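**Q** So that you have it, the file is target_20.pdb, and it contains PDB, C-alpha atoms and all ligand atoms:
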ATOM      1  CA  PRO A   1     -75.279 -48.191  52.138  1.00  0.00           C
ATOM      2  CA  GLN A   2     -73.137 -46.736  49.302  1.00  0.00           C
ATOM      3  CA  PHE A   3     -72.257 -43.622  47.478  1.00  0.00           C
ATOM      4  CA  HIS A   4     -73.212 -43.574  43.779  1.00  0.00           C
ATOM      5  CA  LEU A   5     -70.548 -41.479  42.110  1.00  0.00           C
ATOM      6  CA  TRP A   6     -72.712 -38.919  40.245  1.00  0.00           C
ATOM      7  CA  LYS A   7     -71.670 -36.425  42.922  1.00  0.00           C
ATOM      8  CA  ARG A   8     -68.223 -36.172  44.646  1.00  0.00           C
ATOM      9  CA  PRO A   9     -68.336 -38.675  47.731  1.00  0.00           C
ATOM     10  CA  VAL A  10     -68.006 -36.143  50.570  1.00  0.00           C
ATOM     11  CA  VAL A  11     -68.733 -36.613  54.241  1.00  0.00           C
ATOM     12  CA  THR A  12     -68.198 -34.659  57.466  1.00  0.00           C
ATOM     13  CA  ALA A  13     -65.630 -36.213  59.795  1.00  0.00           C
ATOM     14  CA  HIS A  14     -64.670 -35.172  63.406  1.00  0.00           C
ATOM     15  CA  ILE A  15     -60.936 -35.341  63.881  1.00  0.00           C
ATOM     16  CA  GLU A  16     -60.031 -34.777  67.538  1.00  0.00           C
ATOM     17  CA  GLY A  17     -63.444 -33.233  67.863  1.00  0.00           C
ATOM     18  CA  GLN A  18     -62.874 -30.707  64.961  1.00  0.00           C
ATOM     19  CA  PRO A  19     -65.555 -31.060  62.050  1.00  0.00           C
ATOM     20  CA  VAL A  20     -64.051 -31.280  58.536  1.00  0.00           C
ATOM     21  CA  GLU A  21     -65.641 -31.962  55.110  1.00  0.00           C
ATOM     22  CA  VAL A  22     -63.663 -34.791  53.475  1.00  0.00           C
ATOM     23  CA  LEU A  23     -63.527 -36.448  50.033  1.00  0.00           C
ATOM     24  CA  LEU A  24     -63.368 -40.247  50.183  1.00  0.00           C
ATOM     25  CA  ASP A  25     -60.712 -41.110  47.574  1.00  0.00           C
ATOM     26  CA  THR A  26     -59.854 -44.700  46.476  1.00  0.00           C
ATOM     27  CA  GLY A  27     -56.844 -43.301  44.626  1.00  0.00           C
ATOM     28  CA  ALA A  28     -55.067 -41.904  47.688  1.00  0.00           C
ATOM     29  CA  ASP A  29     -52.922 -44.212  49.797  1.00  0.00           C
ATOM     30  CA  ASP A  30     -52.864 -41.523  52.531  1.00  0.00           C
ATOM     31  CA  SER A  31     -55.309 -39.050  54.118  1.00  0.00           C
ATOM     32  CA  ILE A  32     -54.440 -35.349  54.248  1.00  0.00           C
ATOM     33  CA  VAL A  33     -56.424 -32.636  55.791  1.00  0.00           C
ATOM     34  CA  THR A  34     -55.728 -28.931  56.229  1.00  0.00           C
ATOM     35  CA  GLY A  35     -57.041 -26.343  58.636  1.00  0.00           C
ATOM     36  CA  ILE A  36     -57.065 -28.789  61.606  1.00  0.00           C
ATOM     37  CA  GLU A  37     -54.418 -28.350  64.413  1.00  0.00           C
ATOM     38  CA  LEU A  38     -53.103 -31.708  65.755  1.00  0.00           C
ATOM     39  CA  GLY A  39     -50.018 -31.461  67.996  1.00  0.00           C
ATOM     40  CA  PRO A  40     -46.248 -31.100  67.720  1.00  0.00           C
ATOM     41  CA  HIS A  41     -45.915 -34.830  67.783  1.00  0.00           C
ATOM     42  CA  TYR A  42     -45.550 -35.376  64.073  1.00  0.00           C
ATOM     43  CA  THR A  43     -43.043 -36.788  61.606  1.00  0.00           C
ATOM     44  CA  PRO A  44     -42.399 -34.662  58.383  1.00  0.00           C
ATOM     45  CA  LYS A  45     -43.433 -36.326  54.998  1.00  0.00           C
ATOM     46  CA  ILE A  46     -43.802 -35.142  51.350  1.00  0.00           C
ATOM     47  CA  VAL A  47     -46.592 -36.690  49.271  1.00  0.00           C
ATOM     48  CA  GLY A  48     -46.946 -36.382  45.599  1.00  0.00           C
ATOM     49  CA  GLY A  49     -50.078 -35.934  43.515  1.00  0.00           C
ATOM     50  CA  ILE A  50     -50.873 -34.534  39.992  1.00  0.00           C
ATOM     51  CA  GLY A  51     -49.216 -31.128  39.981  1.00  0.00           C
ATOM     52  CA  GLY A  52     -46.157 -32.229  42.041  1.00  0.00           C
ATOM     53  CA  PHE A  53     -45.534 -32.878  45.741  1.00  0.00           C
ATOM     54  CA  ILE A  54     -46.303 -31.244  49.091  1.00  0.00           C
ATOM     55  CA  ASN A  55     -44.780 -31.218  52.584  1.00  0.00           C
ATOM     56  CA  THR A  56     -46.978 -32.882  55.247  1.00  0.00           C
ATOM     57  CA  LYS A  57     -47.038 -33.530  58.975  1.00  0.00           C
ATOM     58  CA  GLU A  58     -47.776 -37.184  59.730  1.00  0.00           C
ATOM     59  CA  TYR A  59     -49.657 -37.677  63.017  1.00  0.00           C
ATOM     60  CA  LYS A  60     -50.303 -41.258  64.214  1.00  0.00           C
ATOM     61  CA  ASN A  61     -53.284 -42.747  65.977  1.00  0.00           C
ATOM     62  CA  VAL A  62     -55.555 -39.650  65.644  1.00  0.00           C
ATOM     63  CA  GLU A  63     -59.175 -39.975  66.723  1.00  0.00           C
ATOM     64  CA  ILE A  64     -61.775 -39.848  63.940  1.00  0.00           C
ATOM     65  CA  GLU A  65     -65.524 -40.080  64.020  1.00  0.00           C
ATOM     66  CA  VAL A  66     -67.138 -40.629  60.579  1.00  0.00           C
ATOM     67  CA  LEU A  67     -70.149 -42.678  59.342  1.00  0.00           C
ATOM     68  CA  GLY A  68     -71.204 -43.529  62.883  1.00  0.00           C
ATOM     69  CA  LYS A  69     -67.801 -44.996  63.885  1.00  0.00           C
ATOM     70  CA  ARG A  70     -64.862 -43.905  65.863  1.00  0.00           C
ATOM     71  CA  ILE A  71     -61.637 -45.230  64.495  1.00  0.00           C
ATOM     72  CA  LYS A  72     -58.071 -44.199  65.104  1.00  0.00           C
ATOM     73  CA  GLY A  73     -55.613 -43.836  62.144  1.00  0.00           C
ATOM     74  CA  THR A  74     -52.776 -41.852  60.615  1.00  0.00           C
ATOM     75  CA  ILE A  75     -53.761 -38.376  59.281  1.00  0.00           C
ATOM     76  CA  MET A  76     -51.335 -35.902  57.644  1.00  0.00           C
ATOM     77  CA  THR A  77     -51.967 -32.214  57.550  1.00  0.00           C
ATOM     78  CA  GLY A  78     -50.551 -30.000  54.822  1.00  0.00           C
ATOM     79  CA  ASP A  79     -51.575 -27.529  52.156  1.00  0.00           C
ATOM     80  CA  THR A  80     -53.926 -29.699  50.207  1.00  0.00           C
ATOM     81  CA  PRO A  81     -56.616 -27.839  48.233  1.00  0.00           C
ATOM     82  CA  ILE A  82     -59.011 -30.671  49.175  1.00  0.00           C
ATOM     83  CA  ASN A  83     -59.240 -32.802  52.259  1.00  0.00           C
ATOM     84  CA  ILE A  84     -59.165 -36.483  51.458  1.00  0.00           C
ATOM     85  CA  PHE A  85     -59.527 -39.795  53.333  1.00  0.00           C
ATOM     86  CA  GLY A  86     -57.195 -42.186  51.501  1.00  0.00           C
ATOM     87  CA  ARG A  87     -57.291 -45.964  51.500  1.00  0.00           C
ATOM     88  CA  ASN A  88     -55.552 -46.067  54.901  1.00  0.00           C
ATOM     89  CA  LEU A  89     -58.817 -44.873  56.390  1.00  0.00           C
ATOM     90  CA  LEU A  90     -61.399 -46.283  53.872  1.00  0.00           C
ATOM     91  CA  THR A  91     -60.208 -49.752  54.873  1.00  0.00           C
ATOM     92  CA  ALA A  92     -60.674 -48.901  58.537  1.00  0.00           C
ATOM     93  CA  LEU A  93     -64.284 -48.091  57.530  1.00  0.00           C
ATOM     94  CA  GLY A  94     -64.953 -51.312  55.579  1.00  0.00           C
ATOM     95  CA  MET A  95     -65.423 -49.564  52.244  1.00  0.00           C
ATOM     96  CA  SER A  96     -65.289 -51.410  48.965  1.00  0.00           C
ATOM     97  CA  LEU A  97     -65.567 -50.284  45.384  1.00  0.00           C
ATOM     98  CA  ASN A  98     -68.429 -52.341  43.939  1.00  0.00           C
ATOM     99  CA  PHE A  99     -69.722 -53.026  40.441  1.00  0.00           C
TER     100      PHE A  99
ATOM    101  CA  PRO B   1     -67.836 -58.061  42.376  1.00  0.00           C
ATOM    102  CA  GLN B   2     -65.792 -55.392  44.234  1.00  0.00           C
ATOM    103  CA  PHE B   3     -62.354 -54.250  45.048  1.00  0.00           C
ATOM    104  CA  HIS B   4     -61.441 -54.340  48.757  1.00  0.00           C
ATOM    105  CA  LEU B   5     -59.050 -51.455  49.244  1.00  0.00           C
ATOM    106  CA  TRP B   6     -56.103 -53.241  50.926  1.00  0.00           C
ATOM    107  CA  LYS B   7     -54.307 -52.940  47.586  1.00  0.00           C
ATOM    108  CA  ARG B   8     -54.502 -49.989  45.102  1.00  0.00           C
ATOM    109  CA  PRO B   9     -57.648 -50.697  42.779  1.00  0.00           C
ATOM    110  CA  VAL B  10     -55.844 -51.126  39.440  1.00  0.00           C
ATOM    111  CA  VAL B  11     -57.140 -52.649  36.242  1.00  0.00           C
ATOM    112  CA  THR B  12     -55.990 -52.943  32.624  1.00  0.00           C
ATOM    113  CA  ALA B  13     -58.071 -50.909  30.181  1.00  0.00           C
ATOM    114  CA  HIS B  14     -57.904 -50.840  26.307  1.00  0.00           C
ATOM    115  CA  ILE B  15     -58.226 -47.308  25.033  1.00  0.00           C
ATOM    116  CA  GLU B  16     -58.532 -47.282  21.237  1.00  0.00           C
ATOM    117  CA  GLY B  17     -57.062 -50.741  21.366  1.00  0.00           C
ATOM    118  CA  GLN B  18     -53.942 -49.631  23.405  1.00  0.00           C
ATOM    119  CA  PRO B  19     -53.579 -51.563  26.858  1.00  0.00           C
ATOM    120  CA  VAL B  20     -53.002 -49.290  29.886  1.00  0.00           C
ATOM    121  CA  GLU B  21     -52.854 -50.030  33.649  1.00  0.00           C
ATOM    122  CA  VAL B  22     -55.254 -47.617  35.382  1.00  0.00           C
ATOM    123  CA  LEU B  23     -56.073 -46.633  38.985  1.00  0.00           C
ATOM    124  CA  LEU B  24     -59.806 -46.356  39.670  1.00  0.00           C
ATOM    125  CA  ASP B  25     -60.077 -43.142  41.721  1.00  0.00           C
ATOM    126  CA  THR B  26     -63.327 -41.910  43.378  1.00  0.00           C
ATOM    127  CA  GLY B  27     -61.577 -38.618  44.116  1.00  0.00           C
ATOM    128  CA  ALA B  28     -60.947 -37.644  40.490  1.00  0.00           C
ATOM    129  CA  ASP B  29     -63.706 -35.941  38.526  1.00  0.00           C
ATOM    130  CA  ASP B  30     -61.722 -36.618  35.314  1.00  0.00           C
ATOM    131  CA  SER B  31     -59.652 -39.460  33.815  1.00  0.00           C
ATOM    132  CA  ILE B  32     -56.092 -38.796  32.649  1.00  0.00           C
ATOM    133  CA  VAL B  33     -53.783 -41.190  31.031  1.00  0.00           C
ATOM    134  CA  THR B  34     -50.288 -40.766  29.613  1.00  0.00           C
ATOM    135  CA  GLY B  35     -48.309 -42.698  27.050  1.00  0.00           C
ATOM    136  CA  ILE B  36     -51.374 -43.295  24.802  1.00  0.00           C
ATOM    137  CA  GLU B  37     -51.629 -41.376  21.436  1.00  0.00           C
ATOM    138  CA  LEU B  38     -55.223 -40.263  20.627  1.00  0.00           C
ATOM    139  CA  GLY B  39     -55.538 -37.782  17.738  1.00  0.00           C
ATOM    140  CA  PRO B  40     -55.170 -34.066  17.048  1.00  0.00           C
ATOM    141  CA  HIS B  41     -58.819 -33.602  17.759  1.00  0.00           C
ATOM    142  CA  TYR B  42     -58.498 -32.381  21.309  1.00  0.00           C
ATOM    143  CA  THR B  43     -59.334 -29.322  23.385  1.00  0.00           C
ATOM    144  CA  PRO B  44     -56.530 -28.050  25.802  1.00  0.00           C
ATOM    145  CA  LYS B  45     -57.354 -28.218  29.622  1.00  0.00           C
ATOM    146  CA  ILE B  46     -55.355 -27.797  32.888  1.00  0.00           C
ATOM    147  CA  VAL B  47     -56.347 -29.974  35.852  1.00  0.00           C
ATOM    148  CA  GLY B  48     -55.195 -29.496  39.337  1.00  0.00           C
ATOM    149  CA  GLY B  49     -54.239 -32.087  41.930  1.00  0.00           C
ATOM    150  CA  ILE B  50     -52.053 -32.118  45.128  1.00  0.00           C
ATOM    151  CA  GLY B  51     -48.758 -30.644  43.981  1.00  0.00           C
ATOM    152  CA  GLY B  52     -50.344 -28.090  41.577  1.00  0.00           C
ATOM    153  CA  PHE B  53     -51.836 -28.299  38.080  1.00  0.00           C
ATOM    154  CA  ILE B  54     -51.010 -29.876  34.717  1.00  0.00           C
ATOM    155  CA  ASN B  55     -51.810 -29.191  31.055  1.00  0.00           C
ATOM    156  CA  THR B  56     -54.016 -31.866  29.421  1.00  0.00           C
ATOM    157  CA  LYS B  57     -55.506 -32.745  26.056  1.00  0.00           C
ATOM    158  CA  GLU B  58     -59.226 -33.484  26.342  1.00  0.00           C
ATOM    159  CA  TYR B  59     -60.441 -36.041  23.779  1.00  0.00           C
ATOM    160  CA  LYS B  60     -64.193 -36.794  23.610  1.00  0.00           C
ATOM    161  CA  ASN B  61     -66.011 -40.034  22.969  1.00  0.00           C
ATOM    162  CA  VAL B  62     -62.892 -42.296  23.104  1.00  0.00           C
ATOM    163  CA  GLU B  63     -63.412 -46.049  22.993  1.00  0.00           C
ATOM    164  CA  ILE B  64     -62.614 -47.952  26.197  1.00  0.00           C
ATOM    165  CA  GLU B  65     -62.810 -51.607  27.039  1.00  0.00           C
ATOM    166  CA  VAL B  66     -62.530 -52.372  30.792  1.00  0.00           C
ATOM    167  CA  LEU B  67     -64.199 -54.936  33.123  1.00  0.00           C
ATOM    168  CA  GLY B  68     -65.831 -56.732  30.210  1.00  0.00           C
ATOM    169  CA  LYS B  69     -67.534 -53.589  28.810  1.00  0.00           C
ATOM    170  CA  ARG B  70     -66.966 -51.224  26.013  1.00  0.00           C
ATOM    171  CA  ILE B  71     -67.980 -47.721  26.863  1.00  0.00           C
ATOM    172  CA  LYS B  72     -67.162 -44.432  25.230  1.00  0.00           C
ATOM    173  CA  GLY B  73     -66.157 -41.383  27.380  1.00  0.00           C
ATOM    174  CA  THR B  74     -63.910 -38.357  27.721  1.00  0.00           C
ATOM    175  CA  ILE B  75     -60.207 -39.155  28.420  1.00  0.00           C
ATOM    176  CA  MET B  76     -57.453 -36.525  28.846  1.00  0.00           C
ATOM    177  CA  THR B  77     -53.835 -37.271  28.242  1.00  0.00           C
ATOM    178  CA  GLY B  78     -51.069 -35.364  29.993  1.00  0.00           C
ATOM    179  CA  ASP B  79     -48.037 -35.857  32.189  1.00  0.00           C
ATOM    180  CA  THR B  80     -49.668 -37.611  35.069  1.00  0.00           C
ATOM    181  CA  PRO B  81     -47.369 -39.856  37.134  1.00  0.00           C
ATOM    182  CA  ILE B  82     -50.312 -42.283  37.440  1.00  0.00           C
ATOM    183  CA  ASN B  83     -53.094 -43.120  35.059  1.00  0.00           C
ATOM    184  CA  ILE B  84     -56.491 -42.713  36.637  1.00  0.00           C
ATOM    185  CA  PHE B  85     -60.142 -43.354  35.700  1.00  0.00           C
ATOM    186  CA  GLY B  86     -62.075 -40.570  37.439  1.00  0.00           C
ATOM    187  CA  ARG B  87     -65.749 -40.506  38.321  1.00  0.00           C
ATOM    188  CA  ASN B  88     -66.657 -39.584  34.726  1.00  0.00           C
ATOM    189  CA  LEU B  89     -65.797 -43.149  33.799  1.00  0.00           C
ATOM    190  CA  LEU B  90     -66.555 -45.030  37.098  1.00  0.00           C
ATOM    191  CA  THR B  91     -70.176 -43.956  36.665  1.00  0.00           C
ATOM    192  CA  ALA B  92     -70.188 -45.277  33.112  1.00  0.00           C
ATOM    193  CA  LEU B  93     -69.122 -48.593  34.715  1.00  0.00           C
ATOM    194  CA  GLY B  94     -71.797 -48.668  37.448  1.00  0.00           C
ATOM    195  CA  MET B  95     -69.320 -48.439  40.313  1.00  0.00           C
ATOM    196  CA  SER B  96     -70.361 -47.487  43.805  1.00  0.00           C
ATOM    197  CA  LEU B  97     -68.436 -46.989  47.000  1.00  0.00           C
ATOM    198  CA  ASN B  98     -70.067 -49.360  49.496  1.00  0.00           C
ATOM    199  CA  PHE B  99     -69.910 -49.794  53.259  1.00  0.00           C
TER     200      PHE B  99
HETATM  201  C1  LIG A 101     -56.670 -39.255  41.937  1.00  0.00           C
HETATM  202  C2  LIG A 101     -57.186 -38.073  42.728  1.00  0.00           C
HETATM  203  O1  LIG A 101     -56.683 -36.806  42.263  1.00  0.00           O
HETATM  204  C3  LIG A 101     -55.149 -39.389  41.839  1.00  0.00           C
HETATM  205  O2  LIG A 101     -54.331 -40.119  42.687  1.00  0.00           O
HETATM  206  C4  LIG A 101     -52.894 -40.200  42.629  1.00  0.00           C
HETATM  207  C5  LIG A 101     -52.109 -39.356  41.879  1.00  0.00           C
HETATM  208  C6  LIG A 101     -50.725 -39.522  41.897  1.00  0.00           C
HETATM  209  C7  LIG A 101     -50.113 -40.517  42.669  1.00  0.00           C
HETATM  210  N1  LIG A 101     -48.605 -40.729  42.705  1.00  0.00           N
HETATM  211  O3  LIG A 101     -47.952 -39.979  42.034  1.00  0.00           O
HETATM  212  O4  LIG A 101     -48.239 -41.627  43.412  1.00  0.00           O
HETATM  213  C8  LIG A 101     -50.951 -41.339  43.409  1.00  0.00           C
HETATM  214  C9  LIG A 101     -52.311 -41.188  43.382  1.00  0.00           C
HETATM  215  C1  LIG A 102     -57.023 -38.004  45.700  1.00  0.00           C
HETATM  216  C2  LIG A 102     -56.048 -38.736  44.801  1.00  0.00           C
HETATM  217  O1  LIG A 102     -54.715 -38.193  44.837  1.00  0.00           O
HETATM  218  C3  LIG A 102     -57.150 -36.497  45.472  1.00  0.00           C
HETATM  219  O2  LIG A 102     -58.066 -35.864  44.646  1.00  0.00           O
HETATM  220  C4  LIG A 102     -58.149 -34.450  44.388  1.00  0.00           C
HETATM  221  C5  LIG A 102     -57.165 -33.550  44.724  1.00  0.00           C
HETATM  222  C6  LIG A 102     -57.347 -32.201  44.426  1.00  0.00           C
HETATM  223  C7  LIG A 102     -58.502 -31.740  43.781  1.00  0.00           C
HETATM  224  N1  LIG A 102     -58.735 -30.272  43.447  1.00  0.00           N
HETATM  225  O3  LIG A 102     -57.860 -29.515  43.760  1.00  0.00           O
HETATM  226  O4  LIG A 102     -59.777 -30.040  42.897  1.00  0.00           O
HETATM  227  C8  LIG A 102     -59.462 -32.689  43.460  1.00  0.00           C
HETATM  228  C9  LIG A 102     -59.291 -34.013  43.766  1.00  0.00           C
END
As structure tokens, how would this structure be written, given the file I've shared?

**A**
Amino acid sequence: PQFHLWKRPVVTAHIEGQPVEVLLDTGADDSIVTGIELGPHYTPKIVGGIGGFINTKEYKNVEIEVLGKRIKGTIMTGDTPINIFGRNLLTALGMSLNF
Amino acid sequence: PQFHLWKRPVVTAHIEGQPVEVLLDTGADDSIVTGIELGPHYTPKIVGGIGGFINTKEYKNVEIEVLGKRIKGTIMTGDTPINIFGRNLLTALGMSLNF
């Protein structure tokens, strides 16, 4: 199945049972979500994007249900204006960019 | 043909004959390049990303050669740390996200 990119490619994902609307982004190496609570077992990171960088909390082996599959992967939480699933997860889901 | 996302999906594009290395990004609505010179016929814009927003120069109907096709589309130039082709162009190229 595939997303045609006329509209933003957005899905609903369950991260540790919490539902979140995420943008699937081939231009992110990482995934970063906000408004989810995931533990005190994190390592601090800073990731950069267009306007500069942000502080994040890297959480490993989180549980994620999306597109009828349950995968485990690294998620960061931080003050992103949009939740994205980077390439770290898109590869876990077998996604390719096709033309 | 398709990109498998184990590596960043990067191509070389010719924009008004200038070669530029670009990241194909399904999470960008817009394309923004730096280090290219494109005219004084632009409209000012500001686009936001992760660390905040940036000032851009929107140029319309620019000439772009990429993946064996010559398309025309809107390109912005501004101080991006990475050059990306947003969804405005990926649709011009018939790209879908497949799984
Ligand atoms: C597309 C979605 O906004 C942009 O992706 C990136 C911007 C900046 C960087 N970086 O500075 O490393 C990577 C990806
Ligand atoms: C993925 C590549 O870095 C991120 O894409 C976006 C970040 C932020 C926004 N926004 O604030 O509208 C859009 C896309």

**Q** Mind giving me the axis-aligned box for ligand LIG 102 (chain A) with 6 Å on every side, centre plus edges in Å to one decimal, as AutoDock Vina command-line options?

**A**
--center_x -57.2 --center_y -34.1 --center_z 44.3 --size_x 17.1 --size_y 21.2 --size_z 14.8

**Q** The PyMOL selection byres ((chain B) within 12 of (chain A and not hetatm)) on the file shown: which residues, as an MDAnalysis selection string?

**A** chainID B and resid 1:10 22:33 46:56 67:69 78:99

**Q** How many Å separate atom CA of residue B:18 from atom CA of residue B:45?

**A**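 Separation between atom CA of residue B:18 and atom CA of residue B:45: 22.6 Å.
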
**Q** To one decimal place, how far is atom CA of residue A:19 from atom CA of residue A:36 in Å?

**A**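 Straight-line distance from atom CA of residue A:19 to atom CA of residue A:36 works out to 8.8 Å.
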
**Q** Report the distance between atom CA of residue A:63 and atom CA of residue A:43 in Å, rounded to one decimal place.

**A** 17.2 Å

**Q** Please provide as a VMD selection string all residues within 7 Å of residue A:64, with the sequence filter that same-chain residues fewer than 4 positions apart are discarded (counting only C-alpha atoms).

**A** chain A and resid 13 to 16 70 to 72

**Q** For the file shown, report as a CSV table (one decimal) with C-alpha atoms, keeping the file's coordinate frame the outcome of the PyMOL selection byres (((chain A and resi 59-62) around 6) and not hetatm) at residue level.

**A**
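Saved file result.csv follows:
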chain,number,residue,atom,x,y,z
A,42,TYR,CA,-45.6,-35.4,64.1
A,58,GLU,CA,-47.8,-37.2,59.7
A,63,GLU,CA,-59.2,-40.0,66.7
A,72,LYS,CA,-58.1,-44.2,65.1
A,73,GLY,CA,-55.6,-43.8,62.1
A,74,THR,CA,-52.8,-41.9,60.6
A,75,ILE,CA,-53.8,-38.4,59.3
A,76,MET,CA,-51.3,-35.9,57.6
